[PDB]
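Novice: Mind looking over this structure? Questions follow.
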Amino acid sequence: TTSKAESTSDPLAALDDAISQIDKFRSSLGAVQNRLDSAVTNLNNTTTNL
Amino acid sequence: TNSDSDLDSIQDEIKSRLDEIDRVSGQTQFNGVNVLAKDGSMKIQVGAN
Amino acid sequence: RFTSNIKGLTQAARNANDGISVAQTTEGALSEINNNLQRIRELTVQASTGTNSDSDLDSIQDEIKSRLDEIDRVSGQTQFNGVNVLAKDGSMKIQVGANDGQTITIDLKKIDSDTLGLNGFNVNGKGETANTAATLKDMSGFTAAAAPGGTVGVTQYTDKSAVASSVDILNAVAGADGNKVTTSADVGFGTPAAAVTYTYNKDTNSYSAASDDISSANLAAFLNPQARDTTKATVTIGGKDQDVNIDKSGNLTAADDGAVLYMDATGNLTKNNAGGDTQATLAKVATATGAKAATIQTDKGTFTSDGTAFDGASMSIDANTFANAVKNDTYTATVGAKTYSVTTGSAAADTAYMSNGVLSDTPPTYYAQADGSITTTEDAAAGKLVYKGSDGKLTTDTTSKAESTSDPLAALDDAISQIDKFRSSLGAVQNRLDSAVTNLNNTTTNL
Amino acid sequence: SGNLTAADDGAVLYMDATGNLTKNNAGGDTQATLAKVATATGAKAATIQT
């Protein structure tokens, strides 16, 4: 009684999920960058003291 | 006023920072002595006898 | 510590700004809803006039319903950062201090057509209609030329066949609070019918009871209506309470997980999970309690025994079960200032008549006048001549109920007042948050 | 060796059954003590293993 639809059933939800994933990955990069900056500052202080 | 996604991002960042705290706790050493790895005592000789 | 404090205060100020933003969004949404509500109000006022044809009524109803649907829609998809502000009666917390606990709570109400009320304004309902006359020919009730007033030209007509059934009497007596029902031969308690005057002491809820020594062997049937039920109880011999479970008058199993109580103490007749005598049974503990003058009272009925039979004190039978039991037996249930007698059949005395919605001892008495009208009282000065139409039953009203809204404008004002109150609450929260932001900025600057 | 308190939260046991010497939360005799339950168990040959 009804043919299948080629059009995506819920485009908006899947797209929003895609943005959610990409900004999550970006947040991972931001955390990594802050961690590395802190490590660099620490290591500079330690090498000066040593 | 924050959605669950913002909470997830904040928690991920906090966990990363805490892991950095653990890493700096383990790594910091001075000539074969890990100064933050134990509740020990370090004696420094300052007298002639 | 100061650096920690200033960082926390700055971030709290940013959070308060976010709260300002969400308050503004909610304020705008409620402003739009208020605009729609005022539009509906003026449309209703325009439609109130009776000089409008039916098609105008349908058009106005269609536009009103469309705008109500628009209100529901704007309530539905109004959202801010994944949060539907108007979809729940929740509370929203904003962190304003640098420590725990300093939060500002926003009051939010679920707004829709249902919450605001009227569930369909339905102006286009069939409004006020005149009712038809007495129509003397239709009334075929009992003929009675008694004429207690002595007027030759008056004929009394009573609508017979209104004999109330037993279930009707039971519902009528159950509707009021504090009635009196006297019955014998009741299920469970009262089955032996040793006593007849129970009166069941209806105080507030499902019917109570009071009985003499009649249930000696009837605990198993009464307390356990089903084939495997078990009911908790408390047993004391005086000054010392014990908790037990009863099932089919057999072993008085202890209330513990698996502890089993046996009967002992010949001459004292006490309990023990570790007794040294024969098996405990309800029949034996009955005479035990009778001889020792103990109590076996439970939550659903306080029971004590003297001799070999229990004396019920504070029973409470289920109202529906009682009604099912008393449906085909003799009883003299009474109501407020009225007494009704039933003897193995509804209205045995033939003095029970069903009125419009209440049980009354007198039949609807209708008087036929010389001019053909039907009146409630013989004196033509009063009577409020009865009318007919759309519901039968010979109602004494010139008006049939209109399915349209009873008081449209008042309900609309109530809804508008609710929306305005929410508006004012959001405005006050906004001002308070702004003051908090200013104070917090000053504090962090000084610190 | 005083009151043989029941293992319940606040239940207190009282002995009864002269000739069987049983424990009860609803006793009809004097207060229960370890000294007399000792001879009670000895006469009736029971166990109080813990």
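Quick note on naming: the chains in the structure tokens go A, B, ... in the order shown, residues restart at 1 in each chain, and ligands are numbered from 1 in order of appearance.
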List the neighbours of residue 375 of chain C out to 10 Å using only C-alpha atoms; skip same-chain residues closer than 5 positions along the sequence, and give me the result as a tab-separated table (two decimals) with C-alpha atoms, in the first residue's frame.
Specialist:
chain	number	residue	atom	x	y	z
C	134	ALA	CA	-46.53	20.45	28.82
C	154	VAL	CA	-57.82	19.12	38.84
C	156	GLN	CA	-53.50	14.15	39.65
C	365	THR	CA	-46.94	13.96	41.44
C	366	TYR	CA	-48.21	15.88	38.41
C	367	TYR	CA	-51.53	17.74	38.41
C	368	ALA	CA	-53.65	18.31	35.30
C	369	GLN	CA	-55.43	21.66	35.13
C	380	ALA	CA	-52.46	28.13	40.04
C	382	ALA	CA	-47.49	28.78	41.88
C	383	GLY	CA	-46.44	25.55	40.20
C	384	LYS	CA	-44.00	26.54	37.43
C	385	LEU	CA	-45.86	24.73	34.65
C	386	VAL	CA	-43.84	21.74	33.46
C	387	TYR	CA	-42.26	21.73	30.00
C	396	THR	CA	-39.56	22.03	34.87
Novice: Enumerate as a list in words the residues belonging to chain B that approach chain A to within 12 Å, with only C-alpha atoms taken into account.
Specialist: residues 3, 4, 5, 6, 7, 8, 9, 10, 11, 12, 13, 14, 15, 16, 17, 18, 19, 20, 21, 22, 23, 24, 25, 27, 28, 29, 30 and 31 of chain B
Novice: When you count only C-alpha atoms, which of these residues is closest to residue 85 of chain C: C:183, C:303, C:377, C:426?
Specialist: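 Result for the nearest residue to residue 85 of chain C: C:426.
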Novice: I'd like the neighbourhood of residue 321 of chain C as a ChimeraX atom specification, where a residue qualifies if any of its atoms comes within 10 Å (using only C-alpha atoms), though same-chain residues fewer than 6 positions away should be ignored.
Specialist: /C:187,206-207
Novice: Show me, as JSON lines, the residues of chain C having an atom within 12 Å of chain B, each with the closest atom pair and its distance in Å, using only C-alpha atoms.
Specialist:
{"residue": "C:12", "atom": "CA", "partner": "B:1", "partner_atom": "CA", "distance": 11.9}
{"residue": "C:14", "atom": "CA", "partner": "B:1", "partner_atom": "CA", "distance": 11.4}
{"residue": "C:15", "atom": "CA", "partner": "B:1", "partner_atom": "CA", "distance": 8.0}
{"residue": "C:16", "atom": "CA", "partner": "B:1", "partner_atom": "CA", "distance": 9.8}
{"residue": "C:17", "atom": "CA", "partner": "B:1", "partner_atom": "CA", "distance": 10.8}
{"residue": "C:18", "atom": "CA", "partner": "B:1", "partner_atom": "CA", "distance": 7.5}
{"residue": "C:19", "atom": "CA", "partner": "B:1", "partner_atom": "CA", "distance": 7.4}
{"residue": "C:20", "atom": "CA", "partner": "B:1", "partner_atom": "CA", "distance": 10.9}
{"residue": "C:21", "atom": "CA", "partner": "B:1", "partner_atom": "CA", "distance": 10.4}
{"residue": "C:22", "atom": "CA", "partner": "B:1", "partner_atom": "CA", "distance": 8.5}
{"residue": "C:23", "atom": "CA", "partner": "B:1", "partner_atom": "CA", "distance": 11.2}
{"residue": "C:80", "atom": "CA", "partner": "B:1", "partner_atom": "CA", "distance": 9.6}
{"residue": "C:81", "atom": "CA", "partner": "B:3", "partner_atom": "CA", "distance": 7.1}
{"residue": "C:82", "atom": "CA", "partner": "B:3", "partner_atom": "CA", "distance": 6.6}
{"residue": "C:83", "atom": "CA", "partner": "B:3", "partner_atom": "CA", "distance": 7.7}
{"residue": "C:84", "atom": "CA", "partner": "B:3", "partner_atom": "CA", "distance": 11.4}
{"residue": "C:85", "atom": "CA", "partner": "B:1", "partner_atom": "CA", "distance": 10.9}
{"residue": "C:91", "atom": "CA", "partner": "B:1", "partner_atom": "CA", "distance": 11.1}
{"residue": "C:92", "atom": "CA", "partner": "B:1", "partner_atom": "CA", "distance": 7.5}
{"residue": "C:93", "atom": "CA", "partner": "B:1", "partner_atom": "CA", "distance": 7.4}
{"residue": "C:94", "atom": "CA", "partner": "B:1", "partner_atom": "CA", "distance": 6.8}
{"residue": "C:95", "atom": "CA", "partner": "B:1", "partner_atom": "CA", "distance": 9.1}
{"residue": "C:96", "atom": "CA", "partner": "B:1", "partner_atom": "CA", "distance": 12.0}
{"residue": "C:103", "atom": "CA", "partner": "B:1", "partner_atom": "CA", "distance": 11.8}
{"residue": "C:104", "atom": "CA", "partner": "B:1", "partner_atom": "CA", "distance": 11.5}
{"residue": "C:105", "atom": "CA", "partner": "B:1", "partner_atom": "CA", "distance": 11.2}
{"residue": "C:106", "atom": "CA", "partner": "B:1", "partner_atom": "CA", "distance": 11.0}
Novice: Go ahead and write the residues just picked, N, CA and C atoms, as a CSV table (one decimal), in the first residue's frame.
Specialist:
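File written: out.csv
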chain,number,residue,atom,x,y,z
C,12,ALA,N,30.3,33.2,37.0
C,12,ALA,CA,28.9,33.3,37.5
C,12,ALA,C,28.2,34.5,36.9
C,14,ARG,N,28.7,35.6,33.9
C,14,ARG,CA,28.4,35.1,32.5
C,14,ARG,C,27.2,34.2,32.6
C,15,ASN,N,27.1,33.3,33.6
C,15,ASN,CA,25.9,32.5,33.7
C,15,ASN,C,24.7,33.3,33.9
C,16,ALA,N,24.7,34.3,34.7
C,16,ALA,CA,23.6,35.2,35.0
C,16,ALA,C,23.2,35.9,33.7
C,17,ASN,N,24.1,36.3,32.8
C,17,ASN,CA,23.8,36.8,31.5
C,17,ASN,C,23.1,35.8,30.7
C,18,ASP,N,23.5,34.6,30.7
C,18,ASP,CA,22.7,33.5,30.0
C,18,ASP,C,21.3,33.4,30.5
C,19,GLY,N,21.1,33.5,31.8
C,19,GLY,CA,19.8,33.5,32.4
C,19,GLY,C,19.0,34.7,31.9
C,20,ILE,N,19.6,35.9,31.8
C,20,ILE,CA,19.0,37.0,31.2
C,20,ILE,C,18.4,36.7,29.8
C,21,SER,N,19.3,36.1,29.0
C,21,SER,CA,18.9,35.7,27.6
C,21,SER,C,17.7,34.8,27.6
C,22,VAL,N,17.7,33.8,28.4
C,22,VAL,CA,16.6,32.8,28.4
C,22,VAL,C,15.3,33.5,28.9
C,23,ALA,N,15.4,34.4,29.9
C,23,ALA,CA,14.3,35.1,30.4
C,23,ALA,C,13.7,36.0,29.3
C,80,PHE,N,15.0,26.9,23.3
C,80,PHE,CA,16.2,27.7,23.5
C,80,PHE,C,17.4,26.7,23.9
C,81,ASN,N,18.3,26.5,23.0
C,81,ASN,CA,19.4,25.6,23.3
C,81,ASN,C,19.0,24.2,23.8
C,82,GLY,N,18.1,23.6,23.0
C,82,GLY,CA,17.6,22.3,23.4
C,82,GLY,C,16.7,22.2,24.6
C,83,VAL,N,16.2,23.3,25.0
C,83,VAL,CA,15.3,23.4,26.2
C,83,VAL,C,14.0,24.0,25.8
C,84,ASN,N,12.9,23.3,26.1
C,84,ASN,CA,11.6,23.8,25.8
C,84,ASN,C,11.1,24.5,27.1
C,85,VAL,N,11.1,25.8,27.1
C,85,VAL,CA,10.8,26.5,28.4
C,85,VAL,C,9.3,26.3,28.8
C,91,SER,N,11.4,24.0,37.3
C,91,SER,CA,12.2,25.0,37.8
C,91,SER,C,13.6,25.0,37.3
C,92,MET,N,14.2,26.1,37.0
C,92,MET,CA,15.5,26.2,36.3
C,92,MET,C,16.4,27.0,37.2
C,93,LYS,N,17.6,26.5,37.5
C,93,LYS,CA,18.6,27.0,38.4
C,93,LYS,C,19.7,27.7,37.7
C,94,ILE,N,20.1,28.9,38.1
C,94,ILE,CA,21.3,29.6,37.5
C,94,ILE,C,22.3,29.8,38.6
C,95,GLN,N,23.5,29.5,38.4
C,95,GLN,CA,24.6,29.7,39.3
C,95,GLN,C,25.1,31.1,39.3
C,96,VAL,N,24.9,31.8,40.4
C,96,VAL,CA,25.3,33.2,40.5
C,96,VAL,C,26.4,33.5,41.5
C,103,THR,N,22.2,30.1,44.1
C,103,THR,CA,21.5,29.9,42.8
C,103,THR,C,20.2,30.8,42.8
C,104,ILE,N,19.8,31.1,41.6
C,104,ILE,CA,18.5,31.8,41.4
C,104,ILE,C,17.6,30.9,40.6
C,105,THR,N,16.4,30.7,41.1
C,105,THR,CA,15.4,29.7,40.5
C,105,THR,C,14.4,30.5,39.7
C,106,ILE,N,14.1,30.1,38.5
C,106,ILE,CA,13.1,30.6,37.6
C,106,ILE,C,11.9,29.7,37.7
Novice: Chain D: which residues are strand (DSSP E) by DSSP, as a list in words?
Specialist: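 Those in chain D that DSSP calls strand (DSSP E) are residues 14, 15, 16, 22, 23 and 24 of chain D.
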Novice: Generate a file of the selected residues that holds N, CA, C and O atoms, formatted as a PDB file, in the first residue's frame.
Specialist:
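File written: out-v6.pdb
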ATOM      1  N   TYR D  14       9.949 -12.780  76.193  1.00  0.00           N
ATOM      2  CA  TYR D  14       9.594 -13.192  77.543  1.00  0.00           C
ATOM      3  C   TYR D  14       9.246 -14.672  77.540  1.00  0.00           C
ATOM      4  O   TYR D  14       8.455 -15.128  76.711  1.00  0.00           O
ATOM      5  N   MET D  15       9.840 -15.420  78.466  1.00  0.00           N
ATOM      6  CA  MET D  15       9.620 -16.858  78.494  1.00  0.00           C
ATOM      7  C   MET D  15       8.327 -17.210  79.216  1.00  0.00           C
ATOM      8  O   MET D  15       7.859 -16.478  80.095  1.00  0.00           O
ATOM      9  N   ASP D  16       7.765 -18.351  78.840  1.00  0.00           N
ATOM     10  CA  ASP D  16       6.504 -18.855  79.362  1.00  0.00           C
ATOM     11  C   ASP D  16       6.510 -20.370  79.200  1.00  0.00           C
ATOM     12  O   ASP D  16       7.573 -20.984  79.065  1.00  0.00           O
ATOM     13  N   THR D  22       9.110 -21.904  76.790  1.00  0.00           N
ATOM     14  CA  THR D  22       9.231 -21.371  75.442  1.00  0.00           C
ATOM     15  C   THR D  22       9.453 -19.862  75.462  1.00  0.00           C
ATOM     16  O   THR D  22       9.118 -19.171  76.425  1.00  0.00           O
ATOM     17  N   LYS D  23      10.025 -19.358  74.369  1.00  0.00           N
ATOM     18  CA  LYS D  23      10.246 -17.930  74.180  1.00  0.00           C
ATOM     19  C   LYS D  23       9.036 -17.309  73.493  1.00  0.00           C
ATOM     20  O   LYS D  23       8.407 -17.936  72.637  1.00  0.00           O
ATOM     21  N   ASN D  24       8.714 -16.072  73.865  1.00  0.00           N
ATOM     22  CA  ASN D  24       7.605 -15.373  73.232  1.00  0.00           C
ATOM     23  C   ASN D  24       7.837 -13.869  73.272  1.00  0.00           C
ATOM     24  O   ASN D  24       8.390 -13.344  74.242  1.00  0.00           O
TER      25      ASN D  24
END
Novice: Between atom CA of residue 205 of chain C and atom CA of residue 331 of chain C, what is the spacing in Å?
Specialist: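 Going from atom CA of residue 331 of chain C over to atom CA of residue 205 of chain C, I get 19.8 Å.
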Novice: What's the separation between atom CA of residue 341 of chain C and atom CA of residue 174 of chain C, in Å to one decimal place?
Specialist: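 The value is 15.9 Å.
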Novice: Between D:4, D:26, D:13, D:21, single out the one closest to chain C, counting only C-alpha atoms.
Specialist: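 Once distances to chain C are computed over only C-alpha atoms, the minimum belongs to D:26.
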Novice: Record the distance separating atom CA of residue 59 of chain C and atom CA of residue 38 of chain C, expressed in Å with one decimal.
Specialist: 18.1 Å
